Amino acid sequence: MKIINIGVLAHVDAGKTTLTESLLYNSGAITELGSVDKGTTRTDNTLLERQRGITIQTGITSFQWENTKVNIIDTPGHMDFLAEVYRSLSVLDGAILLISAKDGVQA
RNA sequence: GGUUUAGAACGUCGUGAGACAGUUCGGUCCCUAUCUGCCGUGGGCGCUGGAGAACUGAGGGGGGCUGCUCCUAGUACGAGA
C-alpha cells in the first residue's frame with residue numbers, strides 16, 4: 001500500500017543528495033526539469049543552502065517507482081550538526097550510504 | 001589658489017611710527033623665434049651617359065597591458081571547510 005522510507009548517509013560530503021536528485025529525475029517526469037549541475041532544485045528548499053554549496057538541514061521529497069511510494073531524505077552528512085540526521089533515523093526505516101572512492105568509506 | 005608690493009581689519013607686541021612663516025579680505029603673469037633642438041615638408045647637387053620604374057635592405061621607429069568567466073575539475077590537496 002504505502003512505501004518504505006529511504007535514508008541518505010552521505011558521510012564526509014558524499015554528495016549522495018545529488019544522487020537523490022538524479023533519482024528524482026529517473027523517477028520522473030512526466031513534467032520536470034530533470035535537475036542540473038550544482039543547485040539546482042532537488043528539494044533544496046531554503047535559501048543559503050544551495051547558495052552555500054551544501055544543505056543546511058535534511059530535506060524531504062515524495063517519489064514513486066515500480067508502482068510504489070519512495071520517500072527519501074538528504075543529506076545532513078555535512079559537518080557538523082549531524083544530530084538532525086540522527087533525528088532522521090526515527091523518520092525512516094531504510095538507509096543508503098554513499099561510499100566514497102577515496103580509500104573506501106569516509107571515516 | 002599659496003608665498004613675498006602698495007588698501008583694510010583682528011589677535012598680539014610697541015609710548016608711538018609700525019611689526020608678527022599669526023590670521024583674514026582685495027589685488028596689472030610681457031616677448032613677432034636668429035641659432036640649437038624637435039615635428040613635418042621641400043629645393044640643389046651627388047651617386048659619374050641620360051631617363052622611367054621596381055624592389056633589396058644596412059639602419060631607425062612603432063607595438064608588447066591585463067581582468068573576468070568557463071572548461072580541465074570540484075579533480076590534485078584537505079578530517080571537513
# chains A, B, ... in the order shown; residues from 1 in each chain; ligands from 1

call {"tool": "interface_residues", "arguments": {"of": "chain B", "to": "chain A", "cutoff": "9 Å", "atoms": "only C-alpha atoms (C1' of nucleotides)", "output": "PyMOL selection string"}}
result
chain B and resi 79-81

call {"tool": "write_last_selection", "arguments": {"atoms": "N, CA, C and O atoms (P, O5', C5', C4', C3', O3' and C1' of nucleotides)", "output": "PDB file, in the first residue's frame"}}
result
ATOM      1  P     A B  79      43.338  15.243   6.100  1.00  0.00           P
ATOM      2  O5'   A B  79      41.772  15.077   5.840  1.00  0.00           O
ATOM      3  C5'   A B  79      41.115  13.829   6.027  1.00  0.00           C
ATOM      4  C4'   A B  79      39.838  13.998   6.813  1.00  0.00           C
ATOM      5  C3'   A B  79      38.864  15.041   6.281  1.00  0.00           C
ATOM      6  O3'   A B  79      38.064  14.577   5.203  1.00  0.00           O
ATOM      7  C1'   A B  79      39.139  15.343   8.605  1.00  0.00           C
ATOM      8  P     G B  80      37.960  15.439   3.848  1.00  0.00           P
ATOM      9  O5'   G B  80      36.948  16.623   4.200  1.00  0.00           O
ATOM     10  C5'   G B  80      35.549  16.410   4.278  1.00  0.00           C
ATOM     11  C4'   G B  80      34.908  17.409   5.207  1.00  0.00           C
ATOM     12  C3'   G B  80      34.696  18.818   4.659  1.00  0.00           C
ATOM     13  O3'   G B  80      33.478  18.924   3.933  1.00  0.00           O
ATOM     14  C1'   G B  80      35.772  18.945   6.753  1.00  0.00           C
ATOM     15  P     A B  81      33.304  19.978   2.730  1.00  0.00           P
ATOM     16  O5'   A B  81      33.716  21.383   3.365  1.00  0.00           O
ATOM     17  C5'   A B  81      32.901  22.010   4.353  1.00  0.00           C
ATOM     18  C4'   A B  81      33.548  23.270   4.876  1.00  0.00           C
ATOM     19  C3'   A B  81      33.930  24.291   3.815  1.00  0.00           C
ATOM     20  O3'   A B  81      32.848  25.128   3.442  1.00  0.00           O
ATOM     21  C1'   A B  81      35.772  23.918   5.246  1.00  0.00           C
TER      22        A B  81
END

call {"tool": "select_by_dssp", "arguments": {"residues": "stretch 7-38 of chain A", "states": "alpha helix (DSSP H)", "output": "MDAnalysis selection string"}}
result
chainID A and resid 16:26

call {"tool": "residues_around", "arguments": {"residues": "stretch 25-32 of chain A", "least_positions_apart": "3", "cutoff": "10 Å", "atoms": "only C-alpha atoms (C1' of nucleotides)", "output": "JSON, numbers by chain"}}
result
{"A": [19, 20, 21, 22, 35, 36, 42, 63, 64, 65, 66, 70]}

call {"tool": "write_last_selection", "arguments": {"atoms": "N, CA, C and O atoms", "output": "PDB file, in the first residue's frame"}}
result
ATOM      1  N   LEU A  19      22.614  12.395  -5.727  1.00  0.00           N
ATOM      2  CA  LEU A  19      22.146  11.099  -6.201  1.00  0.00           C
ATOM      3  C   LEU A  19      20.646  10.981  -5.972  1.00  0.00           C
ATOM      4  O   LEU A  19      19.939  10.335  -6.743  1.00  0.00           O
ATOM      5  N   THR A  20      20.168  11.599  -4.895  1.00  0.00           N
ATOM      6  CA  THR A  20      18.738  11.660  -4.618  1.00  0.00           C
ATOM      7  C   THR A  20      18.028  12.512  -5.663  1.00  0.00           C
ATOM      8  O   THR A  20      16.879  12.246  -6.021  1.00  0.00           O
ATOM      9  N   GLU A  21      18.724  13.532  -6.156  1.00  0.00           N
ATOM     10  CA  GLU A  21      18.163  14.409  -7.176  1.00  0.00           C
ATOM     11  C   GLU A  21      18.094  13.701  -8.522  1.00  0.00           C
ATOM     12  O   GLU A  21      17.088  13.783  -9.230  1.00  0.00           O
ATOM     13  N   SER A  22      19.171  13.003  -8.873  1.00  0.00           N
ATOM     14  CA  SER A  22      19.205  12.235 -10.111  1.00  0.00           C
ATOM     15  C   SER A  22      18.190  11.098 -10.063  1.00  0.00           C
ATOM     16  O   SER A  22      17.594  10.742 -11.080  1.00  0.00           O
ATOM     17  N   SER A  35      16.527  18.425 -13.194  1.00  0.00           N
ATOM     18  CA  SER A  35      17.609  18.961 -12.377  1.00  0.00           C
ATOM     19  C   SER A  35      18.786  19.462 -13.210  1.00  0.00           C
ATOM     20  O   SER A  35      18.752  19.430 -14.440  1.00  0.00           O
ATOM     21  N   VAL A  36      19.826  19.926 -12.524  1.00  0.00           N
ATOM     22  CA  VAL A  36      21.007  20.471 -13.183  1.00  0.00           C
ATOM     23  C   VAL A  36      22.218  20.366 -12.264  1.00  0.00           C
ATOM     24  O   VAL A  36      22.084  20.025 -11.089  1.00  0.00           O
ATOM     25  N   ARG A  42      16.220  19.833  -6.591  1.00  0.00           N
ATOM     26  CA  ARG A  42      16.434  18.647  -5.768  1.00  0.00           C
ATOM     27  C   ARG A  42      15.921  18.828  -4.343  1.00  0.00           C
ATOM     28  O   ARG A  42      16.516  18.320  -3.392  1.00  0.00           O
ATOM     29  N   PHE A  63       8.317  10.615  -4.005  1.00  0.00           N
ATOM     30  CA  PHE A  63       8.767   9.977  -5.236  1.00  0.00           C
ATOM     31  C   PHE A  63       8.076   8.634  -5.427  1.00  0.00           C
ATOM     32  O   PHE A  63       7.575   8.042  -4.470  1.00  0.00           O
ATOM     33  N   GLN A  64       8.048   8.154  -6.666  1.00  0.00           N
ATOM     34  CA  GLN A  64       7.416   6.876  -6.964  1.00  0.00           C
ATOM     35  C   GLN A  64       8.167   6.108  -8.045  1.00  0.00           C
ATOM     36  O   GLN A  64       8.635   6.685  -9.025  1.00  0.00           O
ATOM     37  N   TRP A  65       8.275   4.796  -7.853  1.00  0.00           N
ATOM     38  CA  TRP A  65       8.921   3.921  -8.824  1.00  0.00           C
ATOM     39  C   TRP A  65       8.490   2.480  -8.579  1.00  0.00           C
ATOM     40  O   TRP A  65       8.225   2.091  -7.441  1.00  0.00           O
ATOM     41  N   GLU A  66       8.435   1.692  -9.649  1.00  0.00           N
ATOM     42  CA  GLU A  66       7.987   0.306  -9.566  1.00  0.00           C
ATOM     43  C   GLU A  66       6.584   0.204  -8.972  1.00  0.00           C
ATOM     44  O   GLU A  66       6.275  -0.738  -8.243  1.00  0.00           O
ATOM     45  N   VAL A  70       8.108   6.079  -2.696  1.00  0.00           N
ATOM     46  CA  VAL A  70       9.526   6.020  -2.360  1.00  0.00           C
ATOM     47  C   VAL A  70      10.052   7.332  -1.781  1.00  0.00           C
ATOM     48  O   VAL A  70      10.776   8.066  -2.454  1.00  0.00           O
TER      49      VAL A  70
END

call {"tool": "residues_around", "arguments": {"residues": "stretch 54-61 of chain A", "least_positions_apart": "5", "cutoff": "9 Å", "atoms": "only C-alpha atoms (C1' of nucleotides)", "output": "count of residues only"}}
result
26

call {"tool": "select_by_dssp", "arguments": {"residues": "chain A", "states": "strand (DSSP E)", "output": "PyMOL selection string"}}
result
chain A and resi 64-65+68-69

call {"tool": "residues_around", "arguments": {"residues": "stretch 22-38 of chain B", "least_positions_apart": "4", "cutoff": "10 Å", "atoms": "only C-alpha atoms (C1' of nucleotides)", "output": "ChimeraX atom specification"}}
result
/B:6-12

call {"tool": "write_last_selection", "arguments": {"atoms": "N, CA and C atoms (P, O5', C5', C4', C3', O3' and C1' of nucleotides)", "output": "PDB file, in the first residue's frame"}}
result
ATOM      1  P     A B   6      52.030  95.400   1.124  1.00  0.00           P
ATOM      2  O5'   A B   6      51.424  96.826   0.740  1.00  0.00           O
ATOM      3  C5'   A B   6      52.140  98.019   1.035  1.00  0.00           C
ATOM      4  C4'   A B   6      51.837  99.111   0.041  1.00  0.00           C
ATOM      5  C3'   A B   6      50.392  99.589  -0.015  1.00  0.00           C
ATOM      6  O3'   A B   6      50.097 100.545   1.003  1.00  0.00           O
ATOM      7  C1'   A B   6      51.193  99.194  -2.218  1.00  0.00           C
ATOM      8  P     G B   7      49.363 100.132   2.379  1.00  0.00           P
ATOM      9  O5'   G B   7      47.824 100.129   2.018  1.00  0.00           O
ATOM     10  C5'   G B   7      47.231 101.206   1.309  1.00  0.00           C
ATOM     11  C4'   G B   7      45.748 100.969   1.153  1.00  0.00           C
ATOM     12  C3'   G B   7      45.016 100.562   2.418  1.00  0.00           C
ATOM     13  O3'   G B   7      44.705 101.651   3.262  1.00  0.00           O
ATOM     14  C1'   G B   7      44.417  99.104   0.686  1.00  0.00           C
ATOM     15  P     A B   8      44.985 101.527   4.829  1.00  0.00           P
ATOM     16  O5'   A B   8      43.876 100.510   5.338  1.00  0.00           O
ATOM     17  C5'   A B   8      42.513 100.700   4.996  1.00  0.00           C
ATOM     18  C4'   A B   8      41.671  99.514   5.381  1.00  0.00           C
ATOM     19  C3'   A B   8      41.946  98.923   6.747  1.00  0.00           C
ATOM     20  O3'   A B   8      41.363  99.682   7.786  1.00  0.00           O
ATOM     21  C1'   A B   8      41.788  97.189   5.180  1.00  0.00           C
ATOM     22  P     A B   9      42.089  99.729   9.204  1.00  0.00           P
ATOM     23  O5'   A B   9      41.654  98.354   9.875  1.00  0.00           O
ATOM     24  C5'   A B   9      40.276  98.053   9.997  1.00  0.00           C
ATOM     25  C4'   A B   9      40.057  96.608  10.337  1.00  0.00           C
ATOM     26  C3'   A B   9      40.815  96.090  11.536  1.00  0.00           C
ATOM     27  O3'   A B   9      40.236  96.476  12.766  1.00  0.00           O
ATOM     28  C1'   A B   9      40.956  94.528   9.768  1.00  0.00           C
ATOM     29  P     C B  10      41.103  96.433  14.123  1.00  0.00           P
ATOM     30  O5'   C B  10      41.056  94.910  14.561  1.00  0.00           O
ATOM     31  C5'   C B  10      39.822  94.231  14.695  1.00  0.00           C
ATOM     32  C4'   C B  10      40.053  92.784  15.024  1.00  0.00           C
ATOM     33  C3'   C B  10      41.105  92.519  16.086  1.00  0.00           C
ATOM     34  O3'   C B  10      40.596  92.630  17.408  1.00  0.00           O
ATOM     35  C1'   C B  10      41.520  91.144  14.211  1.00  0.00           C
ATOM     36  P     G B  11      41.519  93.207  18.594  1.00  0.00           P
ATOM     37  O5'   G B  11      42.453  91.963  18.974  1.00  0.00           O
ATOM     38  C5'   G B  11      41.890  90.720  19.374  1.00  0.00           C
ATOM     39  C4'   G B  11      42.923  89.620  19.383  1.00  0.00           C
ATOM     40  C3'   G B  11      44.254  89.949  20.024  1.00  0.00           C
ATOM     41  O3'   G B  11      44.218  89.865  21.432  1.00  0.00           O
ATOM     42  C1'   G B  11      44.644  88.917  17.955  1.00  0.00           C
ATOM     43  P     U B  12      44.686  91.112  22.310  1.00  0.00           P
ATOM     44  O5'   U B  12      46.272  91.022  22.275  1.00  0.00           O
ATOM     45  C5'   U B  12      46.929  89.839  22.687  1.00  0.00           C
ATOM     46  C4'   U B  12      48.282  89.693  22.038  1.00  0.00           C
ATOM     47  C3'   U B  12      49.277  90.812  22.283  1.00  0.00           C
ATOM     48  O3'   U B  12      49.908  90.728  23.547  1.00  0.00           O
ATOM     49  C1'   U B  12      49.277  90.265  19.998  1.00  0.00           C
TER      50        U B  12
END

call {"tool": "atom_distance", "arguments": {"atom1": "atom CA of residue A:93", "atom2": "atom CA of residue A:5"}}
result
5.7 Å

call {"tool": "atom_distance", "arguments": {"atom1": "atom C1' of residue B:77", "atom2": "atom CA of residue A:53"}}
result
19.1 Å

call {"tool": "residues_around", "arguments": {"residues": "residue A:9", "least_positions_apart": "2", "cutoff": "7 Å", "atoms": "only C-alpha atoms (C1' of nucleotides)", "output": "VMD selection string"}}
result
chain A and resid 7 11 75 77 96 to 98

call {"tool": "write_last_selection", "arguments": {"atoms": "C-alpha atoms", "output": "CSV table (one decimal), in the first residue's frame"}}
result
chain,number,residue,atom,x,y,z
A,7,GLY,CA,17.9,7.3,4.0
A,11,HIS,CA,29.2,10.7,5.1
A,75,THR,CA,21.7,14.8,3.1
A,77,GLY,CA,26.1,14.2,6.2
A,96,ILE,CA,21.5,4.1,1.6
A,97,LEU,CA,25.1,5.1,2.4
A,98,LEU,CA,27.1,6.7,-0.4

call {"tool": "atom_distance", "arguments": {"atom1": "atom CA of residue A:8", "atom2": "atom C1' of residue B:78"}}
result
23.4 Å
